[PDB]
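Participant: This one's a deposited entry, sequence included:
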Amino acid sequence: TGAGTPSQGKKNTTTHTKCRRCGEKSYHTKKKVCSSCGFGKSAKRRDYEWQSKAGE
Amino acid sequence: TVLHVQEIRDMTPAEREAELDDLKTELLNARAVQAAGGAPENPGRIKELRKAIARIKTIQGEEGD
Amino acid sequence: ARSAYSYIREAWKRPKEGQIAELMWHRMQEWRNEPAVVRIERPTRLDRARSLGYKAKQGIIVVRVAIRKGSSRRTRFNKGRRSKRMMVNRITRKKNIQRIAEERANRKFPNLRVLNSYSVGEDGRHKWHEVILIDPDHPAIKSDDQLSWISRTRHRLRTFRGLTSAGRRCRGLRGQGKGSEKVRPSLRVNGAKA
Amino acid sequence: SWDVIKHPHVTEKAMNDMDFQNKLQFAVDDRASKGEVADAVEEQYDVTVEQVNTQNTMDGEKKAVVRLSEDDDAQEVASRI
Amino acid sequence: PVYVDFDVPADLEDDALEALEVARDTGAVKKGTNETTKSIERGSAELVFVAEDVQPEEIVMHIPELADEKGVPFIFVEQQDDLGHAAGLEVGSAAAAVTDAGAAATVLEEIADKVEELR
Amino acid sequence: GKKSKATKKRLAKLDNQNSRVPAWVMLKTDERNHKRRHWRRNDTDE
RNA sequence: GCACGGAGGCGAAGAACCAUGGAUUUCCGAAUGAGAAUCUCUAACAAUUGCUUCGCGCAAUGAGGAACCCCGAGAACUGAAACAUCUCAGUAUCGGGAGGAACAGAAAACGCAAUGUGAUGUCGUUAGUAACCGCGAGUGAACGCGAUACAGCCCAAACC
RNA sequence: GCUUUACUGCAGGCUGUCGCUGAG
Ligand SMILES: [Cl-]
Ligand SMILES: [Cl-]
Ligand SMILES: [K+]
Ligand SMILES: [Mg+2]
Ligand SMILES: [Mg+2]
Ligand SMILES: [Mg+2]
Ligand SMILES: [Mg+2]
Ligand SMILES: [Mg+2]
Ligand SMILES: [Mg+2]
Ligand SMILES: [Mg+2]
Ligand SMILES: [Mg+2]
Ligand SMILES: [Mg+2]
Ligand SMILES: [Mg+2]
Ligand code: NA
Ligand code: NA
Ligand code: NA
Ligand code: NA
Ligand code: NA
Ligand code: NA
Ligand code: NA
Ligand code: NA
Ligand code: NA
Ligand code: NA
Ligand code: NA
Ligand code: NA
């Protein structure tokens, strides 16, 4: 079976959903953790410095 | 408009509540007429009815009911 | 005449001698069955605490903290590293155990602030220190002309910024002259070179 | 504080229920239970509510189908508004 | 415990505390370990009391040997608050000193004897 | 699929946001809905 | 309101509009009764603490913020025309935390060695000087001086 | 990337010593 097109057919699972905390569709409903704001893992909001050029 | 602030304050706590429940019903019947696509409207009032209600509520808080 | 305190001090100069020696052998046994952070009604070293700022007053807390001995508990590298940085065993942290203690204690008492801390011995693997903490919200401390300074907002979380006792000493700020070129007025401002 | 009744839901189907089954349909706040819907209705129109059916609509609001006792007449209650 | 080498019978203790109370009213007494310590050093101490329920034990450790090399007699009390109350304090006390008894210099002197004998 | 009362509310808003700028606004502005979302060509969140 | 339509309305009971103060202020959210993709289930400072009338009674913490600041963790590409110490660099990045600024600070100092200076930052200079270093490549201060601004105190103990 | 008696190091294992550690 091709890992391409023919393997695209089984993708009827729901994972990342609208996050109750930040409103982005990144709340992983299996993990109960948001990939965007960290809701469900961190009380503090997710944020890293590599999200921007070092000097900015 | 047809209902000023002085007049709301010249009411007794029991008169505002009576006036309130009065406006709420005018409003509620206004909305029913609108919900039925009713044209006998006068948009300026359904708007006023909301402001009058706010004022009354505002005063109720000021006077302590 | 010598203060009664002066005796408590004298005894602790050589914690492995005479009476205090047998006291430690006794205590530690109970200590090793105690938690990481245990509040205690009275300082084991009265002279010490009082000397540091302690007072048998409302809003003043003391707690004994157990920290593991030895170098840094470090994980080996999982990617490319030059020999110099393939280190594991001999690497030691730049924060002394006493300072770790101060922090652990402080976290256990979120509303309190660290005043000072002192050692109370160690066995083969532990190291115990007692930390004096203060409730910057309790009047009597707000009203104490000798401690009310710690109630100031500018002092929120003193330990975590190293504004402590051992904090400043650990930051190499002891000397005012030669040697402190990279220490004062702050390690970070000196580009982290001490 | 929110009010239970929002406004009368008037549509061809609502009409049929009112004319043929003595039922009044309303747009009610979605936090309102059938019982709350029942009381509010009786108090607002002075009638006897027999049964209430609810449905959360694809309009973001809750719809309530209220049946009045044979004693009352929906057609008449609705005609005064 | 570590600074306690002999046990004081319940009764002896009572005669001791009894003497202390009359001491505070008839003579002079020092309340608190510090004040107690200075007495032994300044020699003005005739009889010194030391609790057995003191924690930490460092606060008192020195009393015994300090008193032995100063000739001043000392006795052990079991309860810390009994010593306090007896000395006339609303709080407890780790140690006390009878600085010149009063209407008890007799009974007292004999308690010192009873203890010396208690080895 | 089984949707919840909250979900249903959202899908609902989206459907509404999928109406066209009323004619009157055209006149009142002397003269486009950039948020037009087809159910087949577009994909909603969640 | 943007927004110049239609209908209607408000304003001399001084509206619009602006300033300050006040009312209201759904749900999720540190999110704190418990659970949950913004809803639900049967009184709530959840959790950790301080005081304690030992009762959540009185209080604290939590999270945010453009960067700045302070305390910890800590690369590699690269340079050395290879490369290992060295360099990139205590940089990037990561953990913890404060403020409106932080940090530092009233000598167990300096050491133009003196019959001298006199808390601390910072700026200019001292200086690519001294010092480091396969003594390669590279790395790199301080005292002092001139300025800015200046400010000096509180415990522990002895004796009570 | 991989290999090894290539160069340099780093974990890990074994072993001596110190501290925990005391009585005859
Ligand atoms: Cl702190
Ligand atoms: Cl000079
Ligand atoms: K390198
Ligand atoms: Mg693949
Ligand atoms: Mg249903
Ligand atoms: Mg439609
Ligand atoms: Mg909650
Ligand atoms: Mg390389
Ligand atoms: Mg190279
Ligand atoms: Mg600075
Ligand atoms: Mg070369
Ligand atoms: Mg360098
Ligand atoms: Mg110098
Ligand atoms: Na704290
Ligand atoms: Na250094
Ligand atoms: Na509606
Ligand atoms: Na779609
Ligand atoms: Na508001
Ligand atoms: Na709280
Ligand atoms: Na309580
Ligand atoms: Na090269
Ligand atoms: Na190469
Ligand atoms: Na080198
Ligand atoms: Na000169
Ligand atoms: Na390869």
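Facilitator: Noted; the coordinates are in hand. Residues are numbered from 1 along each chain as shown, chains lettered A, B, ... in the order given. Ligands and ions are numbered 1, 2, ... in the order given.
Participant: Next up, phi/psi of residue C:37, please.
Facilitator: phi -120, psi 110 (degrees, to the nearest 10).
Participant: Please list all residues in contact with residue 14.
Facilitator: No chain specified, so I'll use chain A. A:29, F:46 (Cβ atoms under 8 Å, 6 or more residues apart in numbering or on different chains). All C-beta atoms are positioned from the backbone trio N, CA, C, and that covers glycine.
Participant: actually chain C
Facilitator: residue C:20.
Participant: Give the bridge partners for the residue of chain A found nearest chain D, please.
Facilitator: Ranking the residues of chain A by distance to chain D (Cβ to the nearest Cβ) places residue A:18 first, at 15.8 Å. In this structure, residue A:18 bridges to residue A:25 when assessed by DSSP bridges.
Participant: now check stretch C:99-118, is it near RNA strand G?
Facilitator: Yes: using Cβ under 7 Å from any atom of the strand, stretch C:99-118 reaches RNA strand G at C:108, C:109, C:110, C:111, C:112.
Participant: Please identify the buried residues of the lengthiest helix in chain F?
Facilitator: Assignment by DSSP state H gives helix F:5-16 as the longest helix of chain F. Of the residues in helix F:5-16, F:9, F:10, F:12 count as buried by neighbour count, 16 or more other Cβ atoms under 10 Å in any protein chain shown.
Participant: and if you look at stretch A:46-56?
Facilitator: Buried residues in stretch A:46-56, counted by 16+ other Cβ under 10 Å: residue A:46.
Participant: who touches it?
Facilitator: Defining contact as Cβ under 8 Å, 6+ apart, one finds that stretch A:46-56 is touched by A:34, A:36, A:37, A:38.
Participant: In PyMOL, how would I select the buried members of those residues?
Facilitator: Provided next is the PyMOL selection string for whichever of the contacts of stretch A:46-56 are buried by 16+ other Cβ under 10 Å:
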select buried, chain A and resi 34+36+37+38
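Participant: Now, the contacts of stretch A:46-56 that are in strands?
Facilitator: Judged by DSSP state E, these include residue A:34 as members of strands.
Participant: Reformat the contacts of stretch A:46-56 as JSON lines; add distance to chain F.
Facilitator: Below are the contacts of stretch A:46-56 laid out as JSON lines (distance: Cβ to the nearest Cβ, whole Å):
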{"residue": "A:34", "distance to chain F": "13"}
{"residue": "A:36", "distance to chain F": "12"}
{"residue": "A:37", "distance to chain F": "15"}
{"residue": "A:38", "distance to chain F": "18"}
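Participant: Check the contacts of stretch A:46-56 and tell me the two furthest apart.
Facilitator: Within the contacts of stretch A:46-56, two members stand farthest from each other by Cβ to Cβ: A:36 and A:38, at 7.6 Å.
Participant: can stretch D:49-68 be found next to RNA strand G?
Facilitator: No: using Cβ under 7 Å from any atom of the strand, stretch D:49-68 stays clear of RNA strand G, coming no nearer than 8.2 Å.
Participant: and that stretch, is it in reach of chain F?
Facilitator: Yes: legend: contact between stretch D:49-68 and chain F by Cβ under 8 Å from any Cβ of the partner chain is shown at D:56, D:57, D:58, D:59, D:60.
Participant: Longest helix in chain C, by number of residues?
Facilitator: Ranking each helix of chain C by length (DSSP H) puts helix C:18-31 first.
Participant: Identify each buried residue in it, please.
Facilitator: Those would be C:19, C:20, C:23, C:24, C:27, C:28, C:31, for helix C:18-31 by 16+ other Cβ under 10 Å.
Participant: for the residue of chain A closest to chain D, what are its contacts?
Facilitator: Residues near residue A:18 by Cβ under 8 Å, 6+ apart: A:24, A:25, A:27, F:10, F:45, F:46.
Participant: One more: residue E:119?
Facilitator: Residue E:119 touches residue E:6, counting by Cβ under 8 Å, 6+ apart.
Participant: same deal with residue D:36?
Facilitator: residue D:4.
Participant: Swap in 10 Å and give it another go.
Facilitator: Residues in contact with residue D:36, defined by Cβ atoms under 10 Å, 6 or more residues apart in numbering or on different chains, are D:4, D:5, D:28, D:29, D:52, D:64.
Participant: ok, now residue C:90?
Facilitator: C:71, C:72, C:74.
Participant: Checking the first one next. Helix, strand or coil?
Facilitator: Per DSSP: H, G, I helix; E, B strand; the rest coil, the local secondary structure of residue C:71 is coil.
Participant: okay, now it: neighbour count?
Facilitator: 11 (other Cβ atoms under 10 Å in any protein chain shown).
Participant: Now it. Nearest residue, chain neighbours left out?
Facilitator: residue C:92 (4.4 Å; Cβ to Cβ, 6 or more residues apart in numbering or on different chains).
Participant: Count residues in the vicinity of the one you found, would you?
Facilitator: By other Cβ under 10 Å, 11 other residues sit near residue C:92.
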